Amino acid sequence: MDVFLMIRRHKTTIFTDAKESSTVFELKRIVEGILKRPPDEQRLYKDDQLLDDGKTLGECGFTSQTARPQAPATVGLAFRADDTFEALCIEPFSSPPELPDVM
Amino acid sequence: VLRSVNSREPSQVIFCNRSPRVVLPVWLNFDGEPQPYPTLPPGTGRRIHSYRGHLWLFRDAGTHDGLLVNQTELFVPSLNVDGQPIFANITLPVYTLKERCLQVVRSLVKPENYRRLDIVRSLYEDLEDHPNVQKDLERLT
Amino acid sequence: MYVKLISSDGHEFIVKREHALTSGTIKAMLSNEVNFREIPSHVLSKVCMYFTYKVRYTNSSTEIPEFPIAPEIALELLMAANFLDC
Ligand SMILES: CC(=O)N[C@@H](CC(C)C)C(=O)N[C@H](C(=O)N1C[C@H](O)C[C@H]1C(=O)NCc1ccc(-c2scnc2C)cc1)C(C)(C)C
């Protein structure tokens, strides 16, 4: 079953899908094809939890009924600059305005 | 043109509302006038007696937004093969993002306040030009 | 292959090209990055989710769920859809 994800780092957000049975490492290979950075320079997160390469997305709680096309689940992404990994940083999206009176 | 044919050949149907909307079934009578029938709450079904060659369509009962029935606009009861009723599966279409947005804005703003919204005149007109069976009957014709 | 869609506030949304082509406006702007000076990230993120949703549920028999839109983004999302024609 497909899970639908937003992989997010700083002001970058990748929309992609993957199999519930696919692994964290395999998701890194997907990121590598897009952002041109190898798996070993990547850390993936669920909230503040670092994900283990060998675990399936389903095991990490990315399931087809919660990671939906119209409401994808967020995977956090951090890169290694040279020697050390940057801290996980996801810039929030902008804030909507206050509802107009009429709404 | 769009009217039920008076076949006199019964056909039993399950109206099955697999949508989150309250559904208004509409029968096009022999003169092509839309006749509304009782509504179906979300996720409910009804077994009903209709006839071969009769034409039905289905709408959100509150807003008249378009719904699909077996993936098309119109439903015509067919021959019951070995006693079994014909299933009419009523579903949400994949609305365009624009039309979905108009639905939500309509559901939040009283029609007298559409003009107070800060948007191009054409979108005021789009809000005003709300779904309606009569227009859909002209379009299908 | 992927395209990058960039919000007014600098968020870079990377989505499949075919999903983005849901918008003819976006098609014109490509014919592989596009900036949107009038579409902020809280709207463009939703637009991208709509693309995924549209492509997933178009020509499918499995039951179709409502595309959800919070009241707070509906007006801007309406303006964006009208521009993008989607
Ligand atoms: C009068 C005429 O020239 N022909 C008849 C059939 C003929 C054999 C006498 C005929 O077609 N009758 C119609 C008829 O019986 N219809 C029209 C549709 O084919 C359906 C059927 C009908 O009204 N069945 C009863 C019914 C009641 C409630 C429902 C619904 S819809 C959602 N919930 C319910 C309970 C659905 C059907 C009307 C409405 C004219 C009496």
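This deposited entry lists X-ray crystallography as its structure determination method and 2.2000 Å as its resolution.

Draft legend 1. Seen up close, the environment of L137 of chain B. Residues and elements named next belong to chain B. Here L137 shows up in helix 3 (residues 133-140). Along the backbone, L137 and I119 are 18 residues apart, and their C-alpha atoms lie at a distance of 30 Å. Dropping the residues within four chain positions of it, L137 is found in contact with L2, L28, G32, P34 and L57.

Draft legend 2. Spatial organisation of the site of the ligand. All names here are of chain B. For the ligand, the set of nearby residues contains 13 residues, the closest of which are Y37, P38, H49, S50 and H54. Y37 places a side-chain nitrogen or oxygen 2.6 Å from an oxygen atom of the ligand. Contact distances for the ligand include 2.8 Å between an oxygen atom and a side-chain N or O atom of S50. Those elements that place two or more of their residues in the shell around the ligand are strand 2 (23-28) and strand 4 (45-51). Per-element accounting of the shell around the ligand gives the leading share, four residues, to strand 4. Broken down by class, the residue content of the shell around the ligand amounts to nine nonpolar, four polar and no charged.

Draft legend 3. Region of the structure containing unusual backbone geometry. For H64 of chain B, which is not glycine, the phi dihedral falls at a positive 65 degrees. Turning to its location among the elements, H64 of chain B is positioned in the loop between strand 5 (55-60) and strand 6 (68-69). You will see that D85 of chain C, though not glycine, has its phi angle at about 55 degrees, which is positive. Judged by its relative accessible area of 58%, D85 of chain C falls in the exposed class.

Draft legend 4. Layout of the sheet that holds strand 3 (residues 34-36) of chain B. Residue and element names in this part refer to chain B. The strand order 3-2-5 describes an open sheet built from three strands, whose pairing is antiparallel. For this open sheet the edge positions go to strand 3 and strand 5, each flanked by a neighbour on one side alone. Averaged over all pairs of adjacent strands, the angle between their axes in this sheet comes to 35 degrees, without regard to strand direction. With six bridges connecting them, strand 2 and strand 5 associate as antiparallel partners. Its bridge partner lying in strand 5, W27 is registered against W56.

Draft legend 5. Inspection of the interface of chain C and chain A at higher detail. Counting from both sides, the interface comprises 28 residues of chain C and, opposite them, 26 residues of chain A. Interface area, chain C with chain A, both sides summed: about 2,100 Å², of which 66% is carbon and sulfur. Sorting the residues of chain C by area buried against chain A places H11, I14 and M49 of chain C first, and these three jointly supply 27% of that buried surface. Joining chain C to chain A, the criterion identifies one salt bridge. The tally of links between chain C and chain A comes to ten residue pairs in polar contact.

Draft legend 6. Expanded view of the environment of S11 of chain B. Residues and elements named next belong to chain B. Within the secondary structure layout, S11 lies in strand 1 (residues 10-17). Linking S11 and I48, residues 37 residues apart in sequence, is a C-alpha distance of 8.7 Å. Leave out the neighbours within four places in its chain, and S11 touches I48, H49, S50, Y51, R52, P77, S78, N80 and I86. At 2.8 Å, the side chain of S11 forms a polar contact with the backbone oxygen of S78.

Draft legend 7. Highlighting the sheet that holds strand 4 of chain B. Read across the sheet, four strands follow the order 4-1-7-6 (chain B) without closing on themselves; strand pairing throughout is mixed. Each edge of the open sheet carries a strand with a single partner, namely strand 4 and strand 6 of chain B.

Draft legend 8. Just the side chain of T13 of chain A, in detail. Tracing the backbone through its elements, the reader meets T13 of chain A in strand 2 (residues 12-19). Residue class for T13 of chain A comes out buried when judged on its relative accessible area of 1%. Excluding its chain neighbours within four sequence positions, the residues that come into contact with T13 of chain A are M6, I7, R8 and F93 of chain A together with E12, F13 and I14 of chain C.

Draft legend 9. Focus on the side chain of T91 of chain B. Relative to the helices and strands, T91 of chain B resides in strand 7 (residues 86-91). Sequence-distant contacts of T91 of chain B, defined by excluding residues within four places in its chain, comprise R18, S19, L67, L68 and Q71 of chain B.

Draft legend 10. Broad picture of the domain arrangement of chain B. Residue and element names in this part refer to chain B. With domains assigned, chain B is organised as domain 1 (2-91) and domain 2 (92-141). Summarising the inter-unit geometry, the C-alpha centres of domain 1 and domain 2 are found 24 Å apart. The residue makeup of the side of domain 1 that touches domain 2, split by class, is seven nonpolar, six polar and three charged.

Draft legend 11. Seen up close, the packing of helix 3 (residues 41-57) of chain C against helix 4 (residues 71-84) of chain C. All names here are of chain C. Here helix 3 crosses helix 4 at 60 degrees, and the two axes come no closer than 10 Å. Judged on the interaxial angle alone, helix 4 and helix 3 are oblique. Handedness of the crossing formed by helix 3 with helix 4: right-handed. Note on element contacts: helix 4 touches helix 3 through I73, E76, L77, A80 and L84, opposite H42, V43, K46 and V47. In terms of residue class, the contact of helix 3 with helix 4 is built from six nonpolar, one polar and two charged.

Procedures and definitions
- Residues numbered from 1 in each chain as written, not as in the entry; some residues may be left out.
- Chains lettered and ligands numbered in written order.
- Heavy atoms only, no water.
- Residues with missing side-chain atoms left out of burial classes, pairs and counts.
- Helix = DSSP H or I, 4+ residues; strand = E, 2+ residues; numbered from the N terminus.
- Contact = heavy atoms within 4.5 Å.
- Near = heavy atom within 4 Å.
- Polar contact = N/O pair within 3.5 Å; in protein donor to acceptor, adjacent residues only side chain to side chain.
- Nonpolar A, V, L, I, M, F, W, Y, C, P; charged D, E, K, R; others polar.
- Buried < 20%, exposed > 50% of the residue type's maximum accessible area, 1.4 Å probe, protein only.
- Pairing = 2+ DSSP bridges.
- Axes fitted to C-alpha atoms, helices over the stretch in contact; angles between N-to-C directions.
- Buried area = accessible area lost by both parts, 1.4 Å probe.
- Salt bridge = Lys/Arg side-chain N within 4 Å of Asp/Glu carboxyl O.
- Domains from an automatic or database assignment.
- Parallel < 35°, antiparallel > 145°, perpendicular 65-115°, else oblique.
- Left-handed = near helix turned anticlockwise from the far one by under 90°.

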